[PDB]
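Residue numbers (PDB author numbering): 95 to 190.
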């Protein structure tokens with residue numbers, strides 16, 4: 095699961111932007127997202143969550159993980175989601 099797969103996760107995140115915004119609750123999945131993503135990004139997402147809403151935040155999240163280069167973010171995405179049993183986890187494709 096090298097950067098090659100990250101390239102995929104990136105584009106893939108761009109693909110599943112619909113699945114993302116409407117499934118993702120970036121107040122929950124954000125918990126582990128702070129692993130790949132730095133606070134400014136993570137709590138940016140949380141900000142949108144709080145100022146806009148969850149879905150809007152999800153659409154920031156998706157971009158912030160596109161902003162990240164640390165292989166963890168897709169895994170962490172689906173992981174944080176697997177914790178919360180979020181519906182996005184089922185759609186999101188990570189190799190684990």
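All residues carry an ideal CB built from backbone N, CA and C; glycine is no exception.
Endpoints, the alpha helix (DSSP H) within which residue i is located
| i | result |
| --- | --- |
| residue 144 | 133-145 |
| residue 161 | 148-161 |
| residue 183 | 182-185 |
| residue 120 | Residue 120 -> no alpha helix (DSSP H), and no H or E assigned at all. |
| residue 104 | 97-109 |
| residue 177 | 166-178 |
Beta carbon of residue i nearer than 7 Å to that of residue j
| i | j | result |
| --- | --- | --- |
| residue 165 | residue 100 | yes |
| residue 139 | residue 155 | yes |
| residue 130 | residue 167 | yes |
| residue 117 | residue 177 | no |
Contacting residues, own chain, Cβ-Cβ under 6 Å from residue i (five flanking each side not counted)
| i | result |
| --- | --- |
| residue 150 | 142 |
| residue 136 | 124, 127, 128 |
| residue 152 | 114, 115, 118, 120 |
Best match in the options for proximity to residue i [C-alpha to C-alpha]
| i | options | result |
| --- | --- | --- |
| residue 104 | 153, 148, 157 | 157 |
| residue 174 | 121, 106, 115 | 121 |
Chain-order list of residues whose beta-carbon lies under 7 Å from that of residue i (same chain, five-residue window excluded)
| i | result |
| --- | --- |
| residue 191 | It is not possible to answer for residue 191, since the shown part of the chain is limited to 95 through 190. |
| residue 113 | 182, 185 |
| residue 170 | 126, 127, 129, 130 |
Close beta carbons around residue i, own chain, < 8 Å, minus the five adjacent residues each side
| i | result |
| --- | --- |
| residue 163 | 97, 100 |
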